[PDB]
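>>> sequence plus experimental coordinates follow:
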Number of protein chains: 4
Amino acid sequence: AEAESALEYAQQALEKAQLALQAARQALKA
Amino acid sequence: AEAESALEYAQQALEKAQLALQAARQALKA
Amino acid sequence: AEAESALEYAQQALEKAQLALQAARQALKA
Amino acid sequence: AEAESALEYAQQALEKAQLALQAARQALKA
Ligand SMILES: c12c3c4c5c1c1c6c7c2c2c8c3c3c9c4c4c%10c5c5c1c1c6c6c%11c7c2c2c7c8c3c3c8c9c4c4c9c%10c5c5c1c1c6c6c%11c2c2c7c3c3c8c4c4c9c5c1c1c6c2c3c41
Ligand SMILES: c12c3c4c5c1c1c6c7c2c2c8c3c3c9c4c4c%10c5c5c1c1c6c6c%11c7c2c2c7c8c3c3c8c9c4c4c9c%10c5c5c1c1c6c6c%11c2c2c7c3c3c8c4c4c9c5c1c1c6c2c3c41
């Protein structure tokens, strides 16, 4: 269970991260 | 500026993604 | 400029991290 | 096996990504 719960959480974290990137990518235009 | 906060946010999210993933790989060997 | 290439590189790496992770979560339910 | 091989690869990708971030973070100083 915990294994499948970490992979779910880690996916969450990864999707949170990709938000941050695209925002940062847009800012790089500025 | 925002790209700052976006990049810092992203790095954190990956660490949470990393440490969780490490628990997961551990469960597999169990 | 380099931050450009660094950000683009990072976004790609996360996608490879994402799609692999999706295969992994799938194996768990098996 | 494949499950434990994806998590290994996804960890690789995550570590590749974190290189890209820190480089990008330093560039943000400029
Ligand atoms: C905006 C910036 C700020 C605003 C913009 C909003 C969105 C997005 C950007 C942007 C980055 C900014 C700034 C920064 C603030 C600020 C605000 C603003 C809101 C907005 C939301 C989104 C949205 C993303 C966007 C990124 C992007 C990052 C950028 C950073 C910081 C930083 C920080 C603040 C803060 C707030 C907060 C809001 C929240 C929204 C979301 C998400 C998330 C996106 C991320 C994240 C980055 C990150 C943080 C925090 C933080 C969080 C939080 C909210 C979250 C959330 C997310 C992230 C958080 C965090
Ligand atoms: C440097 C930039 C460029 C040089 C600097 C070198 C290192 C780092 C940065 C930096 C980013 C740059 C540029 C860009 C080139 C360029 C070069 C330079 C070399 C260097 C290595 C590292 C190092 C990281 C560093 C980041 C950082 C990103 C930045 C981007 C691009 C981009 C691109 C080139 C290219 C080459 C190549 C070299 C290689 C090294 C490593 C790693 C990796 C780091 C990453 C990655 C980012 C990314 C890409 C590619 C790519 C790759 C590759 C090499 C790899 C590798 C990595 C990444 C690749 C990729």
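Thanks, I have the structure now. Numbering: from 1, shown residues only, chains lettered A, B, ... in the order given. Ligands and ions are numbered 1, 2, ... in the order given.
>>> what about the strands in chain A?
Read by DSSP state E, chain A holds no strands at all.
>>> can you name the residue of it nearest ligand 1?
residue A:23 (3.7 Å; C-beta to the nearest ligand atom). To be clear about C-beta, it is placed using only N, CA and C from the backbone, and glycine gets the same treatment.
>>> so that residue makes contact with residue B:6?
Yes: judged on C-beta atoms under 8 Å, residue A:23 makes contact with residue B:6 at a distance of 4.5 Å.
>>> measure the nearest residue to residue A:4 once chain neighbours are set aside to ligand 2 for me?
Excluding the flanking residues, the one nearest residue A:4 by C-beta to C-beta, 6 or more residues apart in numbering or on different chains is residue C:28, at 4.8 Å. Residue C:28 sits at a distance of 31 Å from ligand 2 (criterion: C-beta to the nearest ligand atom, to the nearest Å).
>>> residues near residue C:28, how many?
Residue C:28: 15 surrounding residues under other C-beta atoms under 10 Å in any protein chain shown.
>>> does it touch residue D:3 like I think?
Yes: judged on C-beta under 8 Å, residue C:28 makes contact with residue D:3 at a distance of 6.7 Å.
>>> now do the contacts for residue A:8.
residue C:25 (C-beta atoms under 8 Å, 6 or more residues apart in numbering or on different chains).
>>> rerun at 7 Å
Not one residue lies near residue A:8 by C-beta atoms under 7 Å, 6 or more residues apart in numbering or on different chains.
>>> cool, and residue A:20?
By C-beta under 7 Å, 6+ apart, the contact set of residue A:20 is B:6, B:9, B:10, B:13.
>>> now with 8 Å?
B:6, B:7, B:9, B:10, B:13.
>>> what of residue A:16?
B:9, B:13.
>>> so how far is ligand 2 from it?
21 Å.
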